[PDB]
Amino acid sequence: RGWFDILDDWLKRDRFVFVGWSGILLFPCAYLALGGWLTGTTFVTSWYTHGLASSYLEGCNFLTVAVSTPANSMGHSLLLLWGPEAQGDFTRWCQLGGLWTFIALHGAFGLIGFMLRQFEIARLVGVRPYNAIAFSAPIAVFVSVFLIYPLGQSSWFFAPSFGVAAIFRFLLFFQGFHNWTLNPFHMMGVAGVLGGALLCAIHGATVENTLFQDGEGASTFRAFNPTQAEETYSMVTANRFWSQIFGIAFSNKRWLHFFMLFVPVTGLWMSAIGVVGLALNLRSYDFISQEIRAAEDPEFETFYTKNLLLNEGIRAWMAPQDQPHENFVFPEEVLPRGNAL
Amino acid sequence: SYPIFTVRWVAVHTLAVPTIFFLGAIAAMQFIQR
Amino acid sequence: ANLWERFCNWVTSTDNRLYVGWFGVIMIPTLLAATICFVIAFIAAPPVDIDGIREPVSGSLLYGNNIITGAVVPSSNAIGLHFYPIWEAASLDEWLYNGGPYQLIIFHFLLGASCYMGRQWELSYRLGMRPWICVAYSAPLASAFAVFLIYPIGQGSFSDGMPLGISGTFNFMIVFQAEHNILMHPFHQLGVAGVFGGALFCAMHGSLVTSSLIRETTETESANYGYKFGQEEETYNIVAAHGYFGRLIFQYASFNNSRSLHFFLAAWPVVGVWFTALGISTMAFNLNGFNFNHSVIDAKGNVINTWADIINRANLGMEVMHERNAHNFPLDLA
Amino acid sequence: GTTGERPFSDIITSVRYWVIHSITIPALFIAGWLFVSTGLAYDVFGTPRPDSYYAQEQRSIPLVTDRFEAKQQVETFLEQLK
Amino acid sequence: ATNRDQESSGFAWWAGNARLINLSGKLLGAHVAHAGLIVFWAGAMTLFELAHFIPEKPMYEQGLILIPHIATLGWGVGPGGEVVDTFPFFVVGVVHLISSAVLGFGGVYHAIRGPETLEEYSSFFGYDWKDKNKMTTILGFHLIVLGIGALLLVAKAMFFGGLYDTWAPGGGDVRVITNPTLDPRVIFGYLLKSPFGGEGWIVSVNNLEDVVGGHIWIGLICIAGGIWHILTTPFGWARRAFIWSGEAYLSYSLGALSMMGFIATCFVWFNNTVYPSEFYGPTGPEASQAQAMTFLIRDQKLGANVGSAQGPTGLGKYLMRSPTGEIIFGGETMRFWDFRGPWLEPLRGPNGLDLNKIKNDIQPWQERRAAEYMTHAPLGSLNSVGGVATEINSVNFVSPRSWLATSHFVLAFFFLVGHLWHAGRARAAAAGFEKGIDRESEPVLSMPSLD
Amino acid sequence: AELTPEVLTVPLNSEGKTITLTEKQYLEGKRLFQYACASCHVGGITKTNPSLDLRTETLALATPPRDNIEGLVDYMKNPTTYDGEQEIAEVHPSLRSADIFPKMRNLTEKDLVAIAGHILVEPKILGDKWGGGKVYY
Ligand code: CLA
Ligand code: CLA
Ligand code: CLA
Ligand code: CLA
Ligand SMILES: CC1=C(/C=C/C(C)=C/C=C/C(C)=C/C=C/C=C(C)/C=C/C=C(C)/C=C/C2=C(C)CCCC2(C)C)C(C)(C)CCC1
Ligand SMILES: CC1=C(/C=C/C(C)=C/C=C/C(C)=C/C=C/C=C(C)/C=C/C=C(C)/C=C/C2=C(C)CCCC2(C)C)C(C)(C)CCC1
Ligand SMILES: CC1=C(/C=C/C(C)=C/C=C/C(C)=C/C=C/C=C(C)/C=C/C=C(C)/C=C/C2=C(C)CCCC2(C)C)C(C)(C)CCC1
Ligand code: OEY
Ligand SMILES: [Cl-]
Ligand SMILES: [Cl-]
Ligand SMILES: [Fe+2]
């Protein structure tokens with residue numbers, strides 16, 4: 001009954017917002033990541049790091065506001081407030097991109113805290129910690145995309161900026177430079193996400209349309225008591241419907257709900273790996289046999305080669321402004337363009 | 001007989017009071033002319 | 001009974017391994033025609049002048065494609081929205097050149113998938129089920145109509161429909177972004193919320209039911225043997241899964257009604273995908289995504305770029321390179 | 001059950017609640033408004049005013065090009081503005 | 001508490017209008033009050049458009065969808081679609097809006113004050129959804145009303161000043177129609193045209209004679225069907241084929257409205273006869289054709305021989321052949337060679353565009369129309385930045401053809417969803433399992449195993 | 001940067017006399033140019049004939065010179081080809097053709113001057129972007 005056991009008691013008290021030991025890590029970091037984003041999109045520019053407006057105060061709307069990444073010349077600096085670049089000057093810190101690493105790092109630790117929170121609450125209630133395990137896929141995505149990818153590149157400049165339109169630019173950068181649609185690791189991630197969404201919809205619709213009549217009203221929602229032992233819908237009729245419509249059906253409810261965990265979780269993990277590849281420019285950019293042929297045979301054309309022409313257009317037309325620190329000067333005459341346009 | 005200051009109380013006000021502050025800032029922004 | 005009644009009983013029989021049904025009577029031949037034509041074309045079809053400019057695009061494996069680059073190529077821009085059955089061509093060779101297999105495949109397939117939707121209703125009625133599974137399928141079905149039919153209609157040509165291929169899909173997506181700023185369109189943003197959220201809620205529900213599985217096995221066997229097909233009892237403690245998930249957030253942010261929980265799982269991705277399909281369907285008529293190009297200017301009048309202007313720079317690179325030989329006149333109006 | 005706090009339905013319907021917050025909410029709003037309208041938000045965060053993006057005759061962006069002279073660079077650009 | 005709560009009616013609040021399925025009086029008030037809202041919106045919106053109308057700007061630069069409907073019927077407009085008197089728009093606006101008050105008064109009266117069920121107050125007005133005889137009678141009355149309404153458009157066109165005719169000689173003009181088309185080979189030939197390119201089913205109707213003619217057929221057919229259903233009751237094959245319930249009737253109409261919504265979408269996008277491009281802006285095909293015309297005219301003025309100019313691909317830069325040989329504009333607009341429009345048909349010969357008319361007979365009004373239509377192509381952004389998606393802000397414009405086609409596709413799609421919803425529910429309801437599977441007689445449990 | 005009277009000072013005529021506009025006039029000429037001209041001239045290009053733009057160096061080399069308020073007001077009254085050789089009021093909106101180009105009807109001489117001031121001031125602010133087309137977007 002030492003002071004440690006007494007702090008443990010109060011942290012694990014049943015209250016409206018459970019705290020736990022993991023709250024000490026979670027609540028500060030998640031609040032400061034959140035607040036840093038809200039503060040930055042409201043009040044802070046990207047003028048000196050990017051040559052862009054990026055707050056409401058400058059006249060941006062919700063789609064174009066961002067906490068943008070620090071300038072390329074900062075490298076992978078931690079950009080601590082008391083560090084050598086800002087020297088404690090808060091205003092300078094904002095102007096140099098300090099909010100971006102502020103949000104990225106506090107968010108990294110808030111995510112750790114949230115996963116620990118899932119273990120902590122699971123252990124106290126005595127359930128298996130599969131929801132914590134599922135949360136590894138968001139973590140894998142966050143770390144690969146926001147931390148690993150820029151560490152492989154020249155600087156944090158090329159990480160995602162925290163904004164709706166900023167993320168769209170990132171998407172399109174990844175097409176023009178990395179040919180990321182062509183990457184089998186992104187394709188697996190796509191299948192895992194669209195498959196998760198399929199599983200989500202087909203399972204919910206199947207349960208809603210094989211319910212037993214457990215009440216007398218037309219709103220079927222009131223005929224479920226969370227304490228009841230019986231299944232609320234018919235696994236036997238669902239199984240038959242799908243066996244005859246689609247040829248196969250689930251028969252084992254446990255496997256069914258495990259599969260719902262497995263699919264999206266694996267998808268995101270697979271995309272995480274491909275982004276680690278892209279940190280190194282280890283792209284699936286090309287197909288050598290097709291380039292050999294195309295180079296030799298000016299009548300050979302596929303959708304593969306048409307898309308590389310699109311990529312070359314993205315790179316040339318977007319680099320000068322997207323990478324201002326490079327001082328790209330492209331005369332009109334070197335810009336790639338088809339006829340007329 | 002409920003408490004009025006709880007952990008929950010701190011939770012909602014840590015969010016709410018900056019939210020309303022920020023709203024007025026954004027409201028005022030709609031009248032900034034270049 | 002007479003032969004017609006014998007046939008009607010077979011068609012609607014719930015004893016067939018696969019339900020046939022009246023929708024199935026249309027669905028089976030049209031899907032078989034679409035599938036057989038697709039497999040042959042993907043393997044063997046010769047190049048297709050998709051853009052009507054005598055510049056054939058090779059789509060098939062035998063003509064130098066792999067699984068990722070190969071496609072059934074959309075039919076020629078010279079055809080526009082004209083109907084091009086095999087019997088309108090002067091020879092199979094002419095029909096192959098102008099991309100006839102694309103029309104045959106997509107019309108047979110749209111028709112067959114629409115009956116797939118109907119056939120879901122039909123069996124649900126023979127089984128005594130509630131009928132709305134087919135409503136869920138309408139979201140992927142509507143999305144398919146959008147890319148294969150509605151969008152060609154709005155732009156005037158099946159040559160601007162989505163190719164039947166992996167890289168052809170990407171080509172369609174990139175050109176769509178340049179000409180509509182679909183990323184900046186809220187219906188697509190609703191479709192992303194729909195499928196991200198679907199994947200999340202799929203992971204959540206799966207992880208939560210699994211987390212609260214009742215101990216029914218030893219540690220050496222698969223816990224899946226704790227459920228027996230058709231058992232009356234539930235295999236997990238929903239109260240325990242609520243008690244975990246209620247505390248993870250707060251008590252009322254968590255479902256305790258299994259029926260409300262599952263309707264939420266159905267409704268979320270169905271609605272989002274409805275919207276993104278509506279997004280393609282209305283960008284077919286060139287009501288495009290938000291345009292904020294040069295929306296911010298300073299006291300003098302200089303353009304202060306936002307991230308929207310950077311997106312426009314990339315959009316411009318797709319615009320000026322796509323179909324590089326196809327435009328003679330400065331505006332790309334469809 | 002209930003973890004012992006007062007229900008939100010109870011509080012927001014209570015008179016004492018709206019007595020307290022008829023003031024706090026609009027005051028917090030006013031303060032945020034004042035934060036922007038005094039021009040104070042520009043100075044705390046260093047956000048350009050509509051007139052201080054470019055010098056009158058320069059079209060180039062004041063982009064920082066050095067890691068440790070960075071803060072020195074941003075100060076020099078702010079004084080070529082005058 | 002006559003329904004009005006879940007415990008008695010069986011429906012939750014979010015499905016509460018379903019509490020009215022068997023309260024004919026309260027249901028009547030819902031329909032009339034709703035009709036009030038429809039008439040109200042037609043009233044308010046016209047006045048709004050009228051307040052915001054600047055007769056110097058084209059209608060399609062001003063975000064107008066209702067005034068172009070009134071202009072098409074002949075009122076307020078002169079040669080070339082020029083607005084000559086705005087008073088008829090005011091009249092149309094005020095008269096609907098005044099009407100919405102008497103509609104709303106009747107709706108709110110029947111919904112709140114009047115009898116909740118009509119069946120005891122009068123055998124004529126009350127009904128049971130399952131009375132197959134009463135139902136066809138109500139259908140028959142509404143049929144007659146529709147045929148009358150159809151003939152009102154004939155009356156406007158033949159006896160009350162005519163309709164705006166974009167095709168009318170000399171730039172367009174209002175015109176009395178005196179010889180409507182009655183030849184059923186034409187009128188019903190439209191129903192049998194294929195919907196694909198260059199045919200376009202009934203969307204291809206390109207002259208006021210066919211339009212007025214077809215509305216004479218439809219009005220007479222609707223009046224005959226009104227009588228027919230008033231005097232008949234459904235035959236056995238029809239009795240065995242349908243679900244006879246209130247909700248099933250709803251699903252049927254939802255299906256029909258969906259179908260109509262999709263057709264209207266394509267009507268406004270392709271048809272420039274009953275949606276004159278003078279009022280609605282150029283069609284997509286029309287704008288894209290107008291661009292090739294514009295640069296034919298420019299380059300020919302500099303001395304280009306537009307008929308022999310080989311393009312980059314080998315096809316003609318300005319002129320090529322369609323797949324059946326017609327001479328047509330080149331470039332990507334080759335997909336639009338089915339376009340037909342009053343500004344372009346004067347250059348058409350028996351083989352398509354005529355090189356000699358191109359060399360000699362292009363009037364300045366055609367160069368004006370084609371520049372105008374090309375710079376008003378139906379492209380633009382959600383926030384009404386006109387142009388392609390990569391255009392900078394400046395032009396505040398979205399074509400009303402875009403606005404009308406996008407909205408009615410969305411509406412037609414959601415009504416098809418509503419059809420499937422209510423149709424499937426109506427079938428399940430009628431068979432007795434819309435509330436779920438009976439545990440004590442689960443059907444699948446009484447069926448053989450699939451394998 | 002800001003909108004100074006130095007920026008708002010444009011050639012009145014070809015004989016080097018200048019006039020100096022106000023903020024209200026510049027905004028007026030932008031609103032009017034949007035309303036009347038931008039459908040073909042957005043950003044200083046010419047969609048229906050990209051070879052002729054609204055660049056000050058281009059208006060300079062027109063016959064007669066068009067890089068001054070009076071020369072532009074004259075163009076909006078009686079537009080000619082680039083070399084002066086031909087009147088084009090029939091296919092270019094002008095006061096002389098306000099019957100066929102109705103958006104010109106309501107315009108007055110002060111409105112034309114506002115539009116001309118906008119066209120002449122705008123490249124002093126945007127530089128290459130004005131009349132440069134999509135390369136500079
Ligand atoms: C709002 C309009 C409306 C509605 C809802 C009804 C509803 C009904 N009618 Mg009525 N009818 C109407 C208008 C309408 N009618 C008009 C205007 C006329 C005058 C011509 C008639 C003449 C009429 C007759 C003569 C009969 C009905 C009958 C019926 C009943 C069965 C109809 C049926 O089986 O569906 C249609 C279902 C079918 C299987 C029919 C074949 C459908 C094919 C596949 C469609 C394709 C051909 C199509 C008819 C025309 C081609 C157009 C195409 C290009 C799109 C039903 C209660 C029947 C009845 O019971 O009478 C008491 C009957 O015999 N109606
Ligand atoms: C959950 C709590 C938490 C966590 C994990 C972090 C984590 C972080 N913050 Mg945040 N921060 C927090 C709360 C937290 N903060 C709060 C409440 C505020 C409000 C004031 C801030 C305000 C803030 C600012 C303004 C900044 C950070 C920054 C940082 C980063 C660098 C910190 C650093 O270098 O540490 C250095 C300090 C330590 C490592 C602590 C050492 C601990 C002791 C002294 C070691 C000695 C122990 C002894 C030997 C043995 C004792 C044994 C025991 C039994 C007695 C890091 C990501 C910086 C950042 O994000 O830059 C990009 C930054 O600029 N934080
Ligand atoms: C077009 C819209 C529309 C219409 C016409 C109706 C009509 C109706 N509803 Mg539905 N309903 C709607 C939308 C609509 N609803 C929506 C969106 C919802 C979701 C929340 C519901 C949910 C719902 C439920 C849950 C229930 C109804 C019920 C009813 C019926 C009885 C209403 C009653 O007693 O209220 C009494 C209310 C009042 C007396 C308050 C006064 C409101 C009046 C009627 C409005 C007048 C305002 C207007 C400006 C009048 C001035 C004009 C005048 C000069 C002429 C009535 C026929 C009830 C029913 O079916 O009963 C069996 C019922 O239980 N509705
Ligand atoms: C289609 C809509 C509709 C329907 C079916 C009914 C039906 C009914 N109403 Mg209702 N009502 C409506 C609309 C409707 N009403 C509207 C719009 C108003 C507002 C004025 C009212 C106000 C109202 C009141 C205040 C009362 C009724 C009553 C009644 C009942 C007897 C009506 C009667 O006297 O008939 C007898 C038949 C006649 C008098 C023949 C003349 C009918 C009119 C004048 C012909 C007009 C035709 C018109 C040209 C068609 C075009 C209209 C429009 C498109 C321009 C009956 C159940 C009474 C009731 O139920 O008592 C409790 C009652 O007290 N209604
Ligand atoms: C960074 C930093 C920090 C922190 C800060 C913070 C903590 C902040 C916070 C802040 C915040 C916390 C803010 C908030 C805000 C909010 C807002 C801004 C909101 C708004 C919203 C809205 C707008 C909504 C609305 C809506 C919609 C839109 C739709 C639907 C409906 C609704 C109604 C919902 C410190 C100090 C450490 C220092 C260092 C730096
Ligand atoms: C039942 C119900 C409901 C519904 C309601 C409704 C639907 C109604 C409607 C109503 C209506 C529908 C109404 C109407 C109104 C109208 C009016 C009120 C009008 C008036 C007008 C006037 C007065 C005009 C004037 C003028 C003139 C003459 C000239 C120009 C100027 C002006 C415009 C000013 C709800 C949902 C709520 C809830 C539940 C129950
Ligand atoms: C006015 C006009 C015109 C004319 C039109 C007409 C004359 C119309 C007709 C139309 C018609 C004549 C229509 C009809 C329709 C039909 C339908 C829409 C049907 C449907 C059916 C159903 C839906 C059925 C179903 C079923 C089945 C299939 C099986 C058994 C069961 C049941 C019965 C359910 C024209 C274009 C010249 C020009 C412009 C104006
Ligand atoms: O993008 Mn751009 O726009 Ca719709 O067409 Mn005109 O060019 Mn071409 O044929 Mn495929 O695609
Ligand atoms: Cl392309
Ligand atoms: Cl072209
Ligand atoms: Fe489940």
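Note that these values count all heavy atoms, side chains included, but never hydrogens, waters or copies made by symmetry. Proteins get letters first, then strands, A, B, ... in listed order; numbering begins at 1 in each.
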Quick one: does [X]'s side chain have a donor or acceptor within less than 3.5 Å of a partner on [Y]'s backbone?
| X | Y | answer |
| --- | --- | --- |
| C/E319 | A/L341 | no |
| A/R254 | C/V209 | no |
| C/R247 | A/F18 | no |
| A/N307 | C/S167 | yes |

In Å and rounded to the nearest 0.5 Å, what is the [atom1] to [atom2] distance from [X] to [Y]?
| X | Y | atom1 | atom2 | answer |
| --- | --- | --- | --- | --- |
| A/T206 | C/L265 | OG1 | CG | 11.0 Å |
| C/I304 | A/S54 | CD1 | OG | 12.0 Å |
| C/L208 | A/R128 | CG | CZ | 12.5 Å |
| C/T210 | A/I133 | OG1 | CD1 | 10.0 Å |
| C/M129 | A/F241 | CE | CZ | 5.0 Å |
| C/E323 | A/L309 | CD | CG | 12.0 Å |

So which part of [X] gets closer than 4.5 Å to some heavy atom of chain A, the side chain, the backbone, both or neither?
| X | result |
| --- | --- |
| C/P131 | both |
| C/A71 | side chain |
| C/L18 | both |
| C/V195 | both |
| C/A136 | side chain |

Do you know which of C/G59, C/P56, C/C202, C/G198 has the most heavy-atom pairs under 4.5 Å to chain A?
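That would be C/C202.
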Who wins among C/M204, C/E55, C/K228, C/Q231 for the most heavy-atom pairs under 4.5 Å with chain A?
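Winner by heavy-atom pair count: C/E55.
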Name the region of [X], side chain, backbone, both or neither, that has any atom closer than 4.5 Å to a heavy atom of chain C.
| X | answer |
| --- | --- |
| A/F259 | neither |
| A/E120 | neither |
| A/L63 | side chain |
| A/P336 | both |
| A/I121 | both |

Evaluate side chain to side chain donor-acceptor pair (under 3.5 Å) for A/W255 paired with C/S222, printing each intermediate quantity in order.
CA-CA 10 Å; A/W255 165 248; C/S222 173; over 6 Å; no
After noting the C-alpha distance and the side-chain angles of A/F221 and C/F263, does the key distance pass the ring pair (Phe, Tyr, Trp, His ring centres under 6.0 Å) rule?
CA-CA 9 Å; A/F221 299 93; C/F263 166 74; 5.7 Å; yes
Salt bridge or not for A/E231 and C/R259, using N-O below 4.0 Å?
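No.
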Presence of salt bridge, C/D309 and A/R169, under 4.0 angstrom
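Salt bridge flag = no for C/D309 with A/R169.
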With under 30° as parallel and over 60° as perpendicular, where do the rings of C/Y236 and A/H257 fit, or are they tilted in between?
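If you compare the ring of C/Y236 with that of A/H257, the planes turn out tilted.
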Considering all heavy atoms of both residues, which atom of C/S207 and which atom of A/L261 are nearest to each other, and what is their separation?
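Smallest heavy-atom distance, with atoms named: CA-CD1, 3.8 Å.
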